[PDB]
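Source file: work.txt (compact mmCIF, C-alpha atoms)
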```txt
# COMPACT_ATOMS: atom_id res chain seq x y z
CA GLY A 344 -154.66 -127.81 39.20
CA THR A 345 -151.85 -129.21 37.04
CA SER A 346 -149.17 -126.53 37.40
CA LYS A 347 -147.11 -128.05 40.23
CA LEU A 348 -147.41 -131.42 38.46
CA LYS A 349 -146.00 -129.96 35.24
CA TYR A 350 -143.19 -128.37 37.27
CA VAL A 351 -142.19 -131.70 38.81
CA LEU A 352 -142.26 -133.36 35.38
CA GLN A 353 -140.15 -130.65 33.69
CA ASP A 354 -137.07 -132.30 32.15
CA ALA A 355 -137.83 -135.55 34.01
CA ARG A 356 -136.95 -139.08 32.99
CA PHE A 357 -139.63 -141.80 32.95
CA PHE A 358 -139.45 -145.57 33.43
CA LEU A 359 -142.12 -148.25 32.98
CA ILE A 360 -142.29 -150.53 36.05
CA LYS A 361 -144.06 -153.89 35.61
CA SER A 362 -145.21 -155.86 38.65
CA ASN A 363 -146.50 -159.40 38.45
CA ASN A 364 -148.96 -158.85 41.31
CA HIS A 365 -151.02 -156.16 43.01
CA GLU A 366 -149.59 -156.95 46.46
CA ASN A 367 -146.19 -155.46 45.60
CA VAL A 368 -147.63 -152.22 44.23
CA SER A 369 -149.83 -151.98 47.34
CA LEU A 370 -146.74 -152.34 49.55
CA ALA A 371 -144.93 -149.71 47.46
CA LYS A 372 -147.86 -147.29 47.88
CA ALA A 373 -148.01 -147.92 51.63
CA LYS A 374 -144.27 -147.78 52.40
CA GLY A 375 -142.90 -145.43 49.73
CA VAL A 376 -140.33 -147.96 48.51
CA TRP A 377 -139.46 -149.95 45.41
CA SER A 378 -136.93 -152.67 44.58
CA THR A 379 -135.96 -154.18 41.23
CA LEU A 380 -133.53 -156.56 39.56
CA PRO A 381 -129.85 -155.53 39.31
CA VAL A 382 -129.97 -154.57 35.61
CA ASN A 383 -132.74 -152.05 36.32
CA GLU A 384 -131.32 -150.95 39.68
CA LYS A 385 -128.13 -149.86 37.93
CA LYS A 386 -130.15 -147.97 35.30
CA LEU A 387 -132.29 -146.17 37.88
CA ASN A 388 -129.30 -145.15 40.00
CA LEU A 389 -127.61 -143.63 36.94
CA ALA A 390 -130.84 -141.84 36.03
CA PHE A 391 -131.31 -140.47 39.57
CA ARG A 392 -127.98 -138.61 39.36
CA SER A 393 -128.69 -137.38 35.82
CA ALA A 394 -132.09 -135.67 36.01
CA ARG A 395 -134.11 -133.32 38.21
CA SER A 396 -136.85 -135.99 38.51
CA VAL A 397 -136.99 -139.73 37.76
CA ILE A 398 -140.59 -140.97 37.46
CA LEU A 399 -141.62 -144.62 37.84
CA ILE A 400 -144.94 -145.47 36.16
CA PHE A 401 -146.40 -148.70 37.56
CA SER A 402 -148.41 -151.38 35.75
CA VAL A 403 -149.53 -154.71 37.22
CA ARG A 404 -149.17 -157.57 34.73
CA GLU A 405 -152.48 -158.60 33.11
CA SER A 406 -154.38 -155.79 34.86
CA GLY A 407 -154.88 -153.71 31.72
CA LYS A 408 -154.06 -150.54 33.65
CA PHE A 409 -151.40 -148.38 35.19
CA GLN A 410 -151.76 -148.09 38.98
CA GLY A 411 -150.04 -144.71 39.45
CA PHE A 412 -146.64 -143.02 39.31
CA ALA A 413 -143.98 -141.89 41.77
CA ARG A 414 -140.73 -139.90 41.91
CA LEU A 415 -137.43 -141.39 43.07
CA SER A 416 -136.30 -139.63 46.23
CA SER A 417 -133.13 -141.72 46.73
CA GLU A 418 -130.72 -144.06 45.03
CA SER A 419 -131.04 -147.69 46.08
CA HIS A 420 -129.68 -148.76 49.46
CA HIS A 421 -129.34 -151.99 51.43
CA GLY A 423 -134.02 -151.00 56.39
CA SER A 424 -136.15 -153.89 57.60
CA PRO A 425 -136.89 -156.60 55.01
CA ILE A 426 -139.87 -155.82 52.80
CA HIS A 427 -142.24 -158.77 52.46
CA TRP A 428 -142.41 -158.60 48.67
CA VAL A 429 -144.12 -161.48 46.89
CA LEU A 430 -141.57 -163.17 44.63
CA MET A 438 -131.81 -161.67 43.90
CA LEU A 439 -133.43 -158.29 44.57
CA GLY A 440 -131.14 -155.33 45.11
CA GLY A 441 -131.29 -152.19 47.19
CA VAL A 442 -134.38 -150.25 48.13
CA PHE A 443 -135.30 -146.99 46.43
CA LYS A 444 -137.34 -144.49 48.39
CA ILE A 445 -140.15 -143.00 46.30
CA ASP A 446 -142.67 -140.19 46.72
CA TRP A 447 -146.01 -140.97 45.14
CA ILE A 448 -147.37 -138.37 42.76
CA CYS A 449 -150.58 -140.19 41.79
CA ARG A 450 -152.04 -143.33 43.39
CA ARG A 451 -154.99 -143.46 40.94
CA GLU A 452 -155.39 -145.95 38.07
CA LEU A 453 -155.33 -145.30 34.34
CA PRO A 454 -156.69 -147.88 31.89
CA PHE A 455 -154.56 -148.72 28.86
CA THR A 456 -157.57 -147.79 26.70
CA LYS A 457 -156.88 -144.14 27.58
CA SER A 458 -153.20 -144.17 26.51
CA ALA A 459 -153.69 -145.81 23.10
CA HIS A 460 -152.66 -142.59 21.32
CA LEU A 461 -149.21 -142.46 22.99
CA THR A 462 -146.24 -144.29 21.45
CA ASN A 463 -142.78 -144.61 22.99
CA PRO A 464 -139.91 -143.81 20.56
CA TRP A 465 -137.49 -145.74 22.80
CA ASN A 466 -139.52 -148.94 22.27
CA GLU A 467 -139.94 -148.82 18.47
CA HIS A 468 -142.95 -146.48 18.82
CA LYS A 469 -145.05 -149.29 20.25
CA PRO A 470 -147.92 -148.08 22.48
CA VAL A 471 -146.49 -146.87 25.78
CA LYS A 472 -148.31 -149.66 27.67
CA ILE A 473 -146.00 -152.13 25.88
CA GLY A 474 -142.60 -152.63 27.43
CA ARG A 475 -140.42 -154.77 29.64
CA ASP A 476 -139.93 -153.86 33.28
CA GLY A 477 -137.50 -150.93 33.35
CA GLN A 478 -138.17 -149.67 29.81
CA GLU A 479 -137.40 -145.96 29.54
CA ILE A 480 -140.20 -143.75 28.17
CA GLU A 481 -139.11 -140.73 26.12
CA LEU A 482 -139.76 -137.32 27.71
CA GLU A 483 -142.74 -136.16 25.64
CA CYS A 484 -144.56 -139.50 25.75
CA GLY A 485 -143.91 -139.86 29.48
CA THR A 486 -145.12 -136.34 30.28
CA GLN A 487 -148.32 -136.82 28.29
CA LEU A 488 -148.90 -140.20 29.95
CA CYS A 489 -148.59 -138.79 33.47
CA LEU A 490 -150.92 -135.91 32.62
CA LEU A 491 -153.59 -138.43 31.54
CA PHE A 492 -153.94 -139.83 35.07
CA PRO A 493 -156.88 -138.58 37.15
CA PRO A 494 -155.71 -135.92 39.61
CA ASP A 495 -154.90 -137.36 43.04
CA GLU A 496 -156.26 -134.80 45.51
CA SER A 497 -154.79 -136.68 48.47
CA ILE A 498 -151.26 -135.61 47.41
CA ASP A 499 -149.62 -132.22 48.00
CA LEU A 500 -146.80 -131.67 45.51
CA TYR A 501 -145.36 -128.80 47.56
CA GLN A 502 -143.52 -131.49 49.54
CA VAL A 503 -142.19 -133.13 46.38
CA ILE A 504 -141.03 -129.83 44.83
CA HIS A 505 -138.94 -129.08 47.94
CA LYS A 506 -136.67 -132.11 47.37
CA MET A 507 -135.61 -131.19 43.82
```
What does this structure look like when you write it as structure tokens?
Amino acid sequence: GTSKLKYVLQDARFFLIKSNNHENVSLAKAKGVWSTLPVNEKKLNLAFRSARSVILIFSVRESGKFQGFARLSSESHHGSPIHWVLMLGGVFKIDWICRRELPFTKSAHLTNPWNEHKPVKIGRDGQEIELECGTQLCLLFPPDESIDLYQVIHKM
């Protein structure tokens, strides 16, 4: 069902993450980690202290889709080097909530007030998505039956 998902998303903050290749999102899905440029790292660390959940919604450049979304489980920290394909800051630990794709064609009815009400697919890496738009976007994703949100709920 969708009840534990709605609980995790209650009063959450949402951020659009843009990756220039699939390899980096694949590594993030495998290792439960993300890294970003200092301007966004500072924003995400502030957000992590400020909200019950911070949700990263991933989109690979030119793919026409989102590739899933995840919850920050830590602030950034400086583990073994991650062989990202590229100045990069600390590593955030993340817990995936959905590893399934969502095509942009399915989110065309959602506009982001924090980016001039442009369609939510439009945005620079790190763009915040307002609460209502972000919640509706996450709920559009196909359910990911491989994930048990009981584990995620325990960390909040």
My list of candidates is A:418, A:405, A:452, A:476. Which is closest to residue 391 (chain A) when distances are computed with only C-alpha atoms?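 Using only C-alpha atoms, residue 391 (chain A) sits closest to A:418.
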Among listed residues A:455, A:501, A:350, A:447, nearest residue 403 (chain A) (using only C-alpha atoms):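 Closest candidate: A:455.
CA of residue 424 (chain A) is positioned 23.1 Å from CA of residue 401 (chain A).
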Using all atoms listed in the file, can you tell me which of A:492, A:428, A:465, A:443 comes closest to residue 384 (chain A)?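 With all atoms listed in the file as the atom set, the closest residue is A:443.
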For residue 475 (chain A), find every residue with an atom within 8 Å (counting all atoms listed in the file), except residues of its own chain fewer than 3 positions away, and show them as a list in words.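 The residues that qualify are residues 359, 360, 361 and 478 of chain A.
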At a cut-off of 9 Å, using all atoms listed in the file, what residues contact residue 353 (chain A)? Leave out same-chain residues fewer than 3 positions from it and give the result as a PyMOL selection string. chain A and resi 348-350+395-396+482+486
Using only C-alpha atoms, determine which residues lie at most 12 Å from residue 468 (chain A), disregarding the query and same-chain residues fewer than 6 positions distant; provide the list as a VMD selection string. chain A and resid 459 to 462 474 480 to 481 484
Find, counting all atoms listed in the file, the residue in A:371, A:398, A:415, A:390 that gets nearest to residue 506 (chain A). A:415
Of the residues A:499, A:366, A:483, A:354, which is the one nearest to residue 429 (chain A), using all atoms listed in the file? A:366
